[PDB]
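**Q** as they sit in the full assembly, here are the leading chains:
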Amino acid sequence: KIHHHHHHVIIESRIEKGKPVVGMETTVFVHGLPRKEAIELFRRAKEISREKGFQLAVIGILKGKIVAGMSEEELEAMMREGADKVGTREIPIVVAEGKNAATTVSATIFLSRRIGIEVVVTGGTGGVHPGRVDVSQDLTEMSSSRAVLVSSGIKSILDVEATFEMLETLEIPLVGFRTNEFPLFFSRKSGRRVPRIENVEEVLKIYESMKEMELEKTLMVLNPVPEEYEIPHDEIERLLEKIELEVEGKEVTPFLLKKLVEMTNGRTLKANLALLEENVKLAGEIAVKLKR
Amino acid sequence: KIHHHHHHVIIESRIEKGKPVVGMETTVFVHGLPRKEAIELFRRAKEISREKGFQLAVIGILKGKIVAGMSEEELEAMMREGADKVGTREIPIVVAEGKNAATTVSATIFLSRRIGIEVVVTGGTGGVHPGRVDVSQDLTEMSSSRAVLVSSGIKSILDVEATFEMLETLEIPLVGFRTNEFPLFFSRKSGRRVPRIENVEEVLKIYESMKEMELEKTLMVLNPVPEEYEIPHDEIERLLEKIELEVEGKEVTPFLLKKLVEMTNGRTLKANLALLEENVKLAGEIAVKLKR
């Protein structure tokens, strides 16, 4: 029971232990959206948190300090000063070097697991990229760390078959929130089936069962983009076919997403914002009921 | 020290802890064999268990309840009522929803590890399928959970080279029971070599060493199909090349196995039953000696 006393890794948690909490990544705000819409979303998520009675804990690293529950001003400062995009393996160097960093899903789940946050929300996870050599730390983290992650499936830029198959391989359980269709970020339909659940109570029973059986995996609760905003995948696919990928590593994802906003004259941005907002609502409902 | 109390995940063990025990999956009985042969195999295995002095604990999920040591009547009910095929990640879903489920090797090792069963028997494990995107949870579980698994290698429908290579990558130790040839389910030879051991005592020395050095991996003890039933691999390969794969996910394996039974007029079925029965015998000898 007697654990080590930290010196180098300073965590500043603004989260009340006795109150529902949803963790959220910073890279969506810093690298995944334009500034104006990024701050509008933050504000809207905070509004939803007040409406529903949960704490929204945006997670980032500010000059080497891990902050759970960043403020708007902190997020603006981060965007203005610049911040590396970090997954799990990058957390140590940025902490050691005293840098700003915006977390992906992998780092966000990793850190959430160490500060008592069980429900995390994102837009879409990383996965296996076309070519099947470039593979997100997100998959590794979900195979290693227990949480409930609300998402609209996996990002549209990915090798869908390879990612969906590897989620099975890695023993990452999936459930569709009121759908049997694995969602694909901008798109509702994938033609891949998942088990359907009808309410948040069912999520909690699965998750509690995972705990009892010591299954240390992320539960993916899949929440499709609202129909009104969806862009059918057949349409996204074809745009992706025109884009020469000029970059690698962590720039790949931001690069393609920014290109798709340009190409669809903002349609993908509208979709992305809509699903992020819906996902925050669902994540909040889960966090509120978990806390009972 | 102090562990949680289970509420959702009810395990009914019919094992006497003081007697030797071998765990066995349900999917082979429910999805991998025809009913008549499945029940005759179950009865023959129990007979062997009584003759050699170990308990055969067939593991499955009945209306959400984990049963270790299913009866012939329970297995018949499962067949009649239907059961999901479940690997590890699916256990929580079926427990939560109160469904029947027949376990694969992954789920069976995972549960065995939580209920004190150290020896598991199968016919052939899953692996990397042709195309190398579809990969069994069996590999992940074997790379995560310690047990002694007796099998006749990996199923003949797999990408043999990719699977054999990944077993090494994942640090999954393989030993031939009185052979240096990696077996391939219906076939005695794969063309690949493994280290050989001579007896059950040598298996247990490896296993005990793994415990002492905290190597949490499955030890695969390889037992070839009897020579009078074996089918040369090239024959199976040529048949498989004539099958259009009309299914995906969990259906792939039972689909291909059923097609091969039809194409070989039961030749593969007789091989499969032969190797299952011999594997039960070897697993029971290990379980009996382990018990001291």
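**A** Looks like it arrived, so ask away. Residues are numbered from 1 along each chain as shown, chains lettered A, B, ... in the order given.

**Q** every contact and neighbour count from this point should use C-alpha atoms.
**A** OK.

**Q** buried ones in the helix or strand residue A:239 falls within, by neighbour count?
**A** Using DSSP states H and E, residue A:239 falls within helix A:233-240. Across helix A:233-240, burial judged by 16 or more other C-alpha atoms under 10 Å in any protein chain shown covers A:233, A:236, A:240.

**Q** CA atoms only for it, dumped as CSV, please.
**A** Taking Å, rounded to 0.1, in the frame of the first residue of the first chain, the C-alpha atoms of helix A:233-240 are listed here in CSV:
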residue,chain,number,x,y,z
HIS,A,233,-17.7,7.1,-46.0
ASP,A,234,-17.8,6.3,-49.8
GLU,A,235,-17.6,10.0,-50.3
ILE,A,236,-14.7,10.6,-47.8
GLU,A,237,-12.8,7.7,-49.3
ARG,A,238,-12.7,9.2,-52.8
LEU,A,239,-11.3,12.6,-51.4
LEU,A,240,-8.6,10.7,-49.6
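
**Q** distance between that helix and the chain's centre?
**A** Distance of helix A:233-240 from its chain centroid, counting by C-alpha atoms, centre = their mean, to the nearest Å, is 22 Å.

**Q** contacts made by that helix with the rest, please.
**A** A:156-157, A:184, A:186-187, A:189-190, A:256, A:260, A:263 (C-alpha atoms under 8 Å, 6 or more residues apart in numbering or on different chains).

**Q** try it again with 7 Å
**A** residue A:187 (C-alpha atoms under 7 Å, 6 or more residues apart in numbering or on different chains).

**Q** chain B: which of the buried residues of helix A:233-240 is nearest?
**A** Among the buried residues of helix A:233-240, residue A:233 lies closest to chain B (C-alpha to the nearest C-alpha), at 20.2 Å.

**Q** relative to residue B:34, how far out is the closest one?
**A** 41 Å (C-alpha to C-alpha, to the nearest Å).

**Q** could you list the residues in contact with stretch A:58-71?
**A** Stretch A:58-71 has contacts (C-alpha under 7 Å, 6+ apart) with A:10-15, A:23-26, A:56-57, A:94-103, A:108.

**Q** likewise for stretch A:188-196?
**A** Under C-alpha under 7 Å, 6+ apart, the answer for stretch A:188-196 is A:174-184, A:224-225, A:230.

**Q** change it to 10 Å
**A** Contacts of stretch A:188-196 with the rest of the structure, by C-alpha atoms under 10 Å, 6 or more residues apart in numbering or on different chains, involve A:152-153, A:160-161, A:164, A:173-184, A:202, A:221-227, A:229-234, B:90, B:93, B:248-249.

**Q** what comes up buried for that stretch?
**A** A:188-190, A:193-196.

**Q** that older thread, how much does the very next helix or strand once past the helix holding residue A:239 deviate in direction from helix A:233-240?
**A** Counting by DSSP H and E, the next helix or strand C-terminal to helix A:233-240 is helix A:252-263. Relative orientation of helix A:252-263 versus helix A:233-240 (axes from the mean of the first three to the mean of the last three C-alpha atoms, to 10 degrees): 100 degrees.

**Q** slot chain C in:
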Amino acid sequence: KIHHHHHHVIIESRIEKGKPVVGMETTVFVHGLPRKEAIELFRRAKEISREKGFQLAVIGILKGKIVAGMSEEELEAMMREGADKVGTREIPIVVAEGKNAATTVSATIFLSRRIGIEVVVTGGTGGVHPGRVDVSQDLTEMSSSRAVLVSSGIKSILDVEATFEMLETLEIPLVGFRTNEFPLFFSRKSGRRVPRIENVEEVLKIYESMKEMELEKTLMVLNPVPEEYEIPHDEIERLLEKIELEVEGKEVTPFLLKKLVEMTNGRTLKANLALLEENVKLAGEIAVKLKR
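**A** Alright, chain C goes in next:
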């Protein structure tokens, strides 16, 4: 808390109290170098250790016994008598059978972690081989076990892109020692970027941060070959293209390095020896400062 008492796994540690320690593999000496050069290097590395104030613990298995801190005379016996090349999964097998074995990086990190050695030194790690189905245990180990590993990157015979991507996927942190370029064993130049650190104090900060945040991964400290011994990678590649790979499994790596010694007229042997010696120095500096 109370741990088990060992019976089967005898570990003989020659490490003394009150002294920094660096762990080192045996397969380099046994399978990776000619006899004369290997014994020469062992003596040199010992000299560096006495002069700099650390213990160099060459790890191997002598007739089933794990020895940390082998003598010259033991190494010589091992070469004369023969030793299996073993990664992690093979340790229990050779321990049980009472065989000599020379450890790879995987086995060396695994063992080091169980005997309190935190700094390990090698020349180059394994990785993803061309074709991408053969993948070293080294990668799995580094994604499972915490240590500081000094190497000159990954061996030149590997699929460099695949390996480099998989290091990210598995969450293996990398830092360049006074370089931003990922080294390639005989070559300094990969065109692949890593974060640059300037001194051993920076290494220790990153490593201590990893402990505090429960990141159980190997930290790769990347030390390029000295410029006077460097061979351009394209030159190495051109030569590898002229080789028919006539072998599989563990034999691949030594088979190809030997061929390169032959085709290059000792040139790779000389580079190999120089980087191993420089890596020993760096690992010793790390070990000494860690202990404080």
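
**Q** let's see the contacts of helix A:233-240 again after adding chain C.
**A** Here helix A:233-240 has contacts from A:156-157, A:183-190, A:256-257, A:259-260, A:263-264, A:268, using C-alpha under 10 Å, 6+ apart.

**Q** and the buried ones among those, selectable in PyMOL?
**A** To isolate the buried ones among the contacts of helix A:233-240 in PyMOL, judged by 16+ other C-alpha under 10 Å, type:
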select buried, chain A and resi 156+157+183+184+185+186+187+188+189+190+256+257+259+260+268
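
**Q** now do the same contact list for the residue nearest the centre of chain A.
**A** Centroid-nearest residue in chain A: residue A:122, 2.7 Å away (criterion: C-alpha atoms, centre = their mean). By C-alpha under 10 Å, 6+ apart, the residues touching residue A:122 are A:23-26, A:28, A:104-105, A:108, A:149-154, A:275-277, A:279-280, A:283.

**Q** kindly report the same for residue A:28.
**A** Counting by C-alpha under 10 Å, 6+ apart, residue A:28 has contacts A:34, A:38, A:85, A:102-105, A:122-124, A:254, A:276.

**Q** then residue A:277?
**A** With C-alpha under 10 Å, 6+ apart, residue A:277 has these contacts: A:41-42, A:44-45, A:48, A:121-123, A:225, A:283.

**Q** what of residue A:219?
**A** A:119, A:142-143, A:145-150, A:171-175, A:203, A:206-207, A:210, B:89.

**Q** before we move on, back to that, whichever of the contacts of residue A:28 end up buried, select them in PyMOL.
**A** A single PyMOL command selects the buried members of those (16+ other C-alpha under 10 Å):
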select buried, chain A and resi 38+85+102+103+104+105+122+123+124+276
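
**Q** going through the contacts of residue A:277, which ones are buried?
**A** Judged by 16+ other C-alpha under 10 Å, buried ones among the contacts of residue A:277: A:41-42, A:45, A:48, A:121-123, A:225, A:283.

**Q** can I get the residues you listed in JSON lines with distance to residue C:67 and secondary structure?
**A** Putting the buried ones among the contacts of residue A:277 into JSON lines (distance: C-alpha to C-alpha, whole Å; DSSP: H, G, I helix; E, B strand; the rest coil) gives the following:
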{"residue": "A:41", "distance to residue C:67": "59", "secondary structure": "helix"}
{"residue": "A:42", "distance to residue C:67": "57", "secondary structure": "helix"}
{"residue": "A:45", "distance to residue C:67": "58", "secondary structure": "helix"}
{"residue": "A:48", "distance to residue C:67": "61", "secondary structure": "helix"}
{"residue": "A:121", "distance to residue C:67": "49", "secondary structure": "strand"}
{"residue": "A:122", "distance to residue C:67": "49", "secondary structure": "coil"}
{"residue": "A:123", "distance to residue C:67": "51", "secondary structure": "coil"}
{"residue": "A:225", "distance to residue C:67": "59", "secondary structure": "coil"}
{"residue": "A:283", "distance to residue C:67": "53", "secondary structure": "helix"}
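
**Q** which of the residues you listed sits closest to chain C?
**A** Nearest member of the buried ones among the contacts of residue A:277 to chain C, counting by C-alpha to the nearest C-alpha, is residue A:122, at 19.3 Å.
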